[PDB]
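Secondary and tertiary structure notes
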Amino acid sequence: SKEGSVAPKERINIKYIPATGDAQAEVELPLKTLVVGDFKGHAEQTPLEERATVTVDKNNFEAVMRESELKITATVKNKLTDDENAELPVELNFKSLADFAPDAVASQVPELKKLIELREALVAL
Amino acid sequence: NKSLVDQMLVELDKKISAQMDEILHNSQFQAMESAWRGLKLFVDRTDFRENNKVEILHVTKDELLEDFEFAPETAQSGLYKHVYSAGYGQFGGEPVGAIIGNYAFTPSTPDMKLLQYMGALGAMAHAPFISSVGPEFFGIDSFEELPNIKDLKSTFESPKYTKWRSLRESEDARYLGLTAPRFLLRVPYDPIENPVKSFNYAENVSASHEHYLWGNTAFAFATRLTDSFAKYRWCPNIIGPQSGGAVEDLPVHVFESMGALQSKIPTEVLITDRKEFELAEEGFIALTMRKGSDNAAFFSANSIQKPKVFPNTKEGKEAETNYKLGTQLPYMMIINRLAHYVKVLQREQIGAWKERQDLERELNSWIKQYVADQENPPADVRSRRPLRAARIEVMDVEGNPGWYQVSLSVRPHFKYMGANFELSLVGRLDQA
Amino acid sequence: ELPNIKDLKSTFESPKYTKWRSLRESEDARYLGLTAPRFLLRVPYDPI
């Protein structure tokens, strides 16, 4: 209760009352923006009215990506050989922005990962 | 011997990088990356301690249309529920300040229809919808041919743009804003400028500049809105190099030219003042690049809406003045926040003993809060108190006791947005 | 090779220094200070 409590009436009654006069207190409104876009590699089966919004800030941005679960199934030209009919299909997964670095790309693509392993073996000479 | 081993490593990495380019230059991959990278670029330039918030809602353009076409009316759309119903129209809730759509629009009828719906939604919620324009909108392959366009005004006379022309005449167009060229999000990978671990990767951008990780300018514009609010709790300071429409700290990329060196422009092109003005006339928000720097600026934020012409009389010119203020986002943002404050604060007053003149008295005392009617208030004061004058009239809804009809009209401080100068040499001039 | 540099001011007009030029215009640049040539710490080893 926001009314303020008082004791039962006596001959002498003392009450603290804040002198705000008739001033109407007010609430500051935040500036909220809504970013709408294709943040995944596929459309969702859930209806627009059902899928929920996600609050994002500096202290949880990466957490949000992790929870959103990103995945890319795609095919690129296979240039590790000399055949125009050679194609390479990859299945990339992302938890944070660091996962878009070439370092991560290689680690999630065996056809390159093994070549990196080779590189290290050659360096070890 | 080792020298040959090193050569093996060179050729190995050469081959690996050739493949690595294909993934990193994959359109699906870049769509994903640019979305999230651009999002952070926005997020980490805001200040959440200043009562700024942002929510993510995963939606494709296609399924936006699916929903808007599926529903019988916009008031029953899923997006309406997320924006209006669960916010502005909810006691104890909060209203969405603005909507940033990570999309590129063409002149296609589907794109036009989508904009129509977003205009309606924004109008109802009192929040602008900002997004971007695709290169093909101007009949060109990429934004790098904008210098070859001799006249945009004449270009838009084509039958091709019929629906777009009608869109610009709608009263809902005030809540639409579209931006022009994109901008770089990432400097190409480089042993010196942007190195990676282990693998000696040197990213090779080809003749196609679409190999660069371009980002959606709408987000840049969004940070402009945030900064203004963070400082003043109002959003009009978003249209100038010094006023707050300046985009600082863009990515750079020096590379070999014709034996010389040059940097890839952060925006696809270096927009000239005349070209920028042309785009402004056609209702586009062009982020222009400051030549030779890493800074860009929004010189104005006109909405989609086309200004109406009135008869050249005292009254007619006043009508033009009034209508043009409506067509520009720096002023509409003032109205939008006022709408939001009225909705909230008035609900608190429902059930109070108010007679007609009680509302006039109180509403007057309230609006004065944001008025700076001094002879010459400093720009800082003008920023936090955007209004110069305001007028309120309250009438009764006849045959319905307790209901009132309120009219609120305001005169904002004006932004400096252009001037003509006449220079003249003169003898016997009065001495200053 | 510092004696062979004919004009540093003009040197820094290159696109190469774009970011550095912007850095120097920031209000935070007051708290940065960088020094130029190095100096000897040790005289080469010598029987005398």
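Residues numbered from 1 in each chain as written, not as in the entry; some residues may be left out. Chains lettered and ligands numbered in written order. Part of a larger assembly, values for the part shown. Heavy atoms only, no water.

In its metadata, the entry names cryo-EM as the structure determination method and reports 3.5 Å as the resolution.

1. Things to note about the side chain of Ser96 of chain A
All names here are of chain A. Note the following rule: Elements are defined by DSSP. Helices are runs of H or I of four residues or more, strands are runs of E of two residues or more, and each kind is numbered from the N terminus. The buried label applies to any residue whose accessible area, calculated with a 1.4 Å probe on protein chains only, is under 20% of its type's maximum; exposed applies above 50%, and partly exposed to all values in between. By definition, residues are in contact when any of their heavy atoms lie within 4.5 Å.
Assignment of secondary structure puts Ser96 in the loop between strand 4 (87–94) and helix 2 (102–107). For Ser96, a relative accessible area of 15% translates into the label buried. Setting aside its immediate chain neighbours within four residues, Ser96 contacts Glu62 and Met65.

2. Focus: the sheet that holds strand 10 (residues 284–285) of chain B
For clarity, the threshold we go by: By definition, two strands form a pair when at least two bridges between them are found by DSSP.
Spatially, the seven strands line up as an open sheet ordered 2(A)-1(B)-1(A)-2(B)-3(B)-4(B)-10(B), and their pairing is mixed. Lying at the two open borders of the sheet, with one neighbouring strand each, are strand 2 (54–55) of chain A together with strand 10 of chain B. Sheet topology note: the strand 1 (residues 31–37) of chain A/strand 1 (residues 52–58) of chain B ladder contains seven bridges and is parallel. Each residue of the ladder has a partner; that of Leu31 of chain A, found in strand 1 of chain B, is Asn52 of chain B.

3. With respect to unusual backbone geometry
Phi at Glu69 of chain A takes a positive value of approximately 65 degrees, unusual for a residue other than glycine. Position of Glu69 of chain A among the secondary structure elements: in the loop between helix 1 (61–68) and strand 3 (70–77). The backbone phi angle of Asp249 of chain B is positive, close to 80 degrees, even though this residue is not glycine. Turning to its location among the elements, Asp249 of chain B is positioned in the loop between strand 7 (246–247) and strand 8 (254–256).

4. Some thoughts on helix 5 (residues 109–125) of chain B
For the record, the criterion: Helix span, as expected, comes to 1.5 Å for every residue beyond the first.
In a regular helix each residue adds 1.5 Å, so 17 residues correspond to 24 Å; helix 5 of chain B covers 25 Å between its end C-alpha atoms and thus fits that length. Looking at the residues trailing helix 5 of chain B, positive phi occurs at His126 of chain B, about 65 degrees.

5. Some remarks on the side chain of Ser303 of chain B
All names here are of chain B. Under the convention used in this document: Within 3.5 Å is the distance limit for a polar contact, defined as a pair of N or O atoms, with the added protein rule that one can donate a hydrogen and the other accept it, and that residues adjacent in sequence qualify only through two side-chain atoms.
Here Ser303 lies in the loop between strand 12 (296–298) and helix 10 (314–327). Under the relative-accessibility criterion, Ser303 is labelled buried at 1%. Of note is the side chain of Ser303, whose polar atom sits 3.0 Å from the backbone oxygen of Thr327. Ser303 has contacts with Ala173, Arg174, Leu176, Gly283, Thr327, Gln328 and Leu329, leaving out every residue within four places of it along the chain.

6. Some points on empty space enclosed by the protein
Applicable threshold: Method remark: on a 1 Å grid restricted to protein atoms, a set of points is classed as a cavity if a 1.4 Å probe fits but cannot get out and as a pocket if it is open with protein on both sides within 12 Å along at least five of seven lines; lining residues have an atom within 4 Å of a point. Grid points are joined across faces, edges and corners, and a volume is the space filled by probe spheres set on the points. Here the term charged refers only to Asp, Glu, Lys and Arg, the term nonpolar to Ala, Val, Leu, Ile, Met, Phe, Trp, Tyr, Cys and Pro, and the term polar to all other amino acids, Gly among them.
In this structure the tally under the stated criterion is four cavities of 30 Å³ or more. Within this model, the largest cavity holds a volume of roughly 50 Å³. Here the lining of the largest cavity is built from residues that sort into four nonpolar, four polar and one charged. Roughly 40 Å³ of internal volume is contained in the second largest cavity. Together, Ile72, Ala74, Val76, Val90 and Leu92 of chain A together with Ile23, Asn26 and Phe29 of chain B line the second largest cavity. Counting residues per element, the lining of the second largest cavity draws most heavily on strand 3 of chain A, which supplies three residues. Within the lining of the second largest cavity, the residues separate by chemical class into seven nonpolar, one polar and no charged.

7. Notes on the interface of chain C and chain B
Definition in use: As a working definition, buried area equals the accessible area (1.4 Å probe) given up by two parts on being put together, with both sides summed. A pairing counts as a salt bridge when a side-chain nitrogen of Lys or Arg comes within 4 Å of a carboxyl oxygen of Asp or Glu.
Of the residues lining the interface, six residues belong to chain C; the matching set on chain B comes to eight residues. Roughly 510 Å² of surface becomes buried between chain C and chain B when both sides are summed, with 59% attributable to carbon and sulfur atoms. Considering only the surface of chain C that becomes buried against chain B, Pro15, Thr18 and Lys19 of chain C emerge as the three largest contributors, covering 76% of it. Connecting chain C to chain B are two salt bridges. The partner of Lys19 of chain C in a salt bridge is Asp294 of chain B, and the shortest N-O contact between them spans 2.9 Å. At the junction of chain C and chain B, the tally comes to three residue pairs in polar contact.

8. Focus on the pairing of strand 4 (residues 176–179) of chain B
Within a regular beta strand, the side chains point alternately toward one face of the sheet and then the other, so they alternate between its two faces. Residue and element names in this part refer to chain B. Alternating positions in strand 4 separate into two faces, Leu176 and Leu178 on one and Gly177 and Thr179 on the other, with burial throughout. Bridging between strand 3 (residues 129–133) and strand 4 involves four bridges; their strand directions are parallel. Residue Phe129 lies in a different strand from strand 4, and its bridge partner there is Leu176. Pairing of strand 4 with strand 10, which is carried by two bridges, proceeds in the parallel orientation. Along strand 10, the bridge assignment pairs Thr179 with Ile285.

9. Thoughts on the nonpolar core
In a soluble, globular protein the nonpolar side chains are often hidden away together inside. All names here are of chain B. Rules: We call a set of buried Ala, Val, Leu, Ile, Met, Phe, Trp, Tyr and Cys residues a nonpolar core when their side-chain atoms join them within 4.5 Å.
Formed by 67 residues in total, the largest nonpolar core has its most connected members in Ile23, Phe29, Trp36, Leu39 and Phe221. Ignoring sequence-local partners within four residues, the contact set of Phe221 consists of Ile130, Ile238, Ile285, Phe298, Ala301 and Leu329. If you look at the next biggest cluster of nonpolar residues, it comprises 46 residues, including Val59, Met118, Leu146 and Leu167.

10. What about the environment of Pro241 of chain B?
Residue and element names in this part refer to chain B. Locating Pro241 in the fold gives a position in the loop between helix 8 (218–232) and strand 7. By relative accessible area, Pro241 is classed as partly exposed at 35%. Along the chain, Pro241 and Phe298 lie 57 residues apart, while their C-alpha atoms are 7.5 Å from each other. Not counting residues within four places of it along the chain, the set of residues in contact with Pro241 comprises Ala246, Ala297 and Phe299.

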